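The form deposited in one PDB entry is given below as one chain in structure tokens.
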């Protein structure tokens, strides 16, 4: 029959109160009370939490007409645009749009991306000076505003960042998104909407400029190392032959930059903080860096590919502090799952955060210990033991890029600076859509040369 329910405090509002304090602890606590599968009413939504790695196969392998992403992420529509990604007309169109982004994240482009990271950090160290303190979360976000923009949109975007305040507009859009929007998509957000329109106009100009550049240098279209997401969007069609609209192109770019920015800056923050706060971990990270760099003075893709330990540090941060704490679908048909049938209309929930603390999987899960991965391989105990990037048909297409951007940034910063964190590593703050550390996050830095 139906899964057990978390008793409602009120009707309607149901369990929103305990949930919103800490959605992660909410799931953990109620797992203990009611088991692997339970349902809670939250601001009117029937939400069925799947809480053990063992049972996640049917979630991640279901087709979109059984478990819909579009029904649950559609709320993003005012940020991304009408008709884009989870507001696409069909599952099929969404997948095609996702592929246009993934198509600018090729190995050829990755080699160029490393140079971009070097370039932006070099600009940034001018601001920072020989020593000081800086907010880690801001520093990463500020770096990734410039790096992700150039990576995805091309270098032509940088003059907008430097001269037309594009970075501020991103913030206006992105602080205009409340996690509550998940429940009340219609929440007015007029500042967000003004900024989104401004970025829209700028990205329209970027497209128009690229068009005529594709006139004066069609060779660009033949060079895989110079082809970015703007170029792919300007030269592709859907499979059935239908052309893209510039409105669609703008929305896809914005969606891509969104995805491309937060989850990464938050991960780089938690990673750097944990690395510089643990002497043994920092020693190993630096030993690895010194061996890989050899006599070489800057980064390249091949070097980054060898940074196995640093990559484990990032994965360990993702186990502990995955920035998307909930993965969701709406059931369009009833769904079995253990003894239970989950009713049509329920929202199924999987939590990367819960998974990362599960004890069937990880020993002392509150400790940041990259060696649980490299040596004890604890993640491999279950097929879905670690799902920071999701899994199955909708698994994150930006992974390897994430890994690249975060590893590069951390590696370059280490090369530049000795760094120590000020205070305890914070707790996560559940106030935002993408979850990051509670401010403030400060660190002391000093130049190494």
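Positions refer to the first chain, counted from 1. In this text, the rigid core denotes the largest set of C-alpha atoms whose superposition between the two forms falls within 1.5 Å.
From this point on, the text means the form deposited in another entry, which you will not see here.
S.K.: Scan 113, 309, 368, 75 for the one whose CA shifts by 2 Å or more between this form and the one not shown after superposing the rigid core, and name it.
M.R.: Just 75.
S.K.: Is residue 221 among the residues whose Cα moves by 2 Å or more between this form and the one not shown after superposition of the rigid core?
M.R.: No, the C-alpha position differs by under 2 Å between this form and the one not shown.
S.K.: After superposition on the rigid core, does the Cα atom of residue 350 shift by at least 2 Å between this form and the one not shown?
M.R.: No, because once the rigid core is superposed, the C-alpha of residue 350 moves less than 2 Å between this form and the one not shown.
S.K.: By the 2 angstroms cut-off, has the C-alpha of residue 176 moved between this form and the one not shown once the rigid core is superposed?
M.R.: Yes, residue 176 moves 2 Å or more.
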